[PDB]
Amino acid sequence: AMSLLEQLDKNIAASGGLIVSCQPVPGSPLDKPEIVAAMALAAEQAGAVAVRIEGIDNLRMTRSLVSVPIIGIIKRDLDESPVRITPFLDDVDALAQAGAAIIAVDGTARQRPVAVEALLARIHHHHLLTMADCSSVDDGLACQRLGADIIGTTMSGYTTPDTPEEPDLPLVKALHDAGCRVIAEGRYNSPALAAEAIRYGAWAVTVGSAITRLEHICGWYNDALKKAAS
Ligand SMILES: CC(=O)N[C@@H]1[C@@H](O)[C@H](O)[C@@H](COP(=O)(O)O)O[C@@H]1O
Ligand SMILES: [Cl-]
């Protein structure tokens, strides 16, 4: 029996280290739990080392089909706080009972209903792995110090207006060099960009829109096609 992290280490070396976030566009014809589960299974068959799944209905359906680790989250829109990713202790509890192997939480220093330390503690005390979705060197190192197993770059570009087009590669290297196990996540919209994250020190790379958001991909094509007519 080898630890989940040790298994992922070996599968990343063998396969590449792709994690597919299977989150279709809200309202999409493709946003159905059976379709999310099928996307996750397809990703597993294609060599993904893990999948990210949002929501309990999607998680329950996916759990049945996949054998790779599931990173679970629940997204919420809070009345005042800008935090969205797994903000509540009850959300941690629900993901743990529904079969997530890793639970990710927003790791930012922002107004929020539950302290980051408390969310991480709740996950660990379900005997699951923790992932802190971080935005900066400072928040990432704080979450490292709180004992998060994995630091994601998921929130970089999303705490302040004007999200950059390019992914935040330097953050991957800063966190890696500081001793973090880093998942690069956010705007890795081509295989070429994902490879650059590896070059910057990523342990694995999570890709969402470019694989599982058909409408979003169509938009990128329309943008380019329209400019070429202009
Ligand atoms: C297609 C895709 O993966 N887009 C991600 C979204 O999944 C994530 O929720 C958000 C986090 O920022 P937020 O918590 O401020 O919305 O970053 C990006 O928008
Ligand atoms: Cl996400």
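Computed quantities for the displayed model
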{"quantity": "Segment 82-93 - phi-based ³J(HN,Hα) in whole Hz, Karplus 6.51/-1.76/1.60, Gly and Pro as x", "calculated": "x, 5, 10, 8, 6, x, 10, 4, 4, 6, 3, 4"}
{"quantity": "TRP220 paired with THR159, simple spin-label distance in nm, labels 7 Å along Cα-to-beta-carbon", "calculated": "2.6"}
{"quantity": "Projected-area mean, segment 1-110, by convex hull of Cα positions, square nanometres", "calculated": "8.0"}
{"quantity": "Gain upon complete extension [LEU30, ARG76; 0.36 nm per residue less C-alpha separation]", "calculated": "14.6 nm"}
{"quantity": "Rounded to whole Å, sorted largest first: equivalent-ellipsoid semi-axes of the chain, Cα gyration tensor", "calculated": "25, 21, 20"}
{"quantity": "Amide hydrogen neighbours beyond the local backbone of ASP133, cut-off 5 Å, H modeled", "calculated": "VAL105, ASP106, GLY107, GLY152"}
{"quantity": "Additional length obtainable on full extension of the chain from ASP90 to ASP138, 0.36 nm per residue less Cα span", "calculated": "14.6 nm"}
{"quantity": "Residue-by-residue Karplus 3J(HN,Hα) for segment 13-19, coefficients 6.51, -1.76, 1.60, Hz, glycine and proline x", "calculated": "4, 6, 9, x, x, 7, 10"}
{"quantity": "All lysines inside 20 Å of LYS32 as judged from Cα atoms, apart from same-chain residues fewer than 8 positions distant", "calculated": "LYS75"}
{"quantity": "Fraction of beta bridges assigned by DSSP in the chain that are antiparallel (%, nearest 5)", "calculated": "5"}
{"quantity": "Rg followed by Dmax, in Å, when segment 47-96 is reduced to its Cα trace", "calculated": "12.1, 40"}
{"quantity": "Cross-link reach list, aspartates and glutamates versus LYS173, counting only Cα pairs under 19 Å and skipping chain neighbours closer than eight places", "calculated": "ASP9, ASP133, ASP138, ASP139, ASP149, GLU165, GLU185, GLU196"}
{"quantity": "Cα gyration tensor shape for segment 142-230, rounded if a/c is under 1.5, else prolate or oblate", "calculated": "prolate"}
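Every number here is computed from the coordinates shown, using simple stated rules; none is lab data. Because the Cβ atoms are built from the backbone with ideal geometry, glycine has one as well, and the counts that use them run over all protein chains shown.
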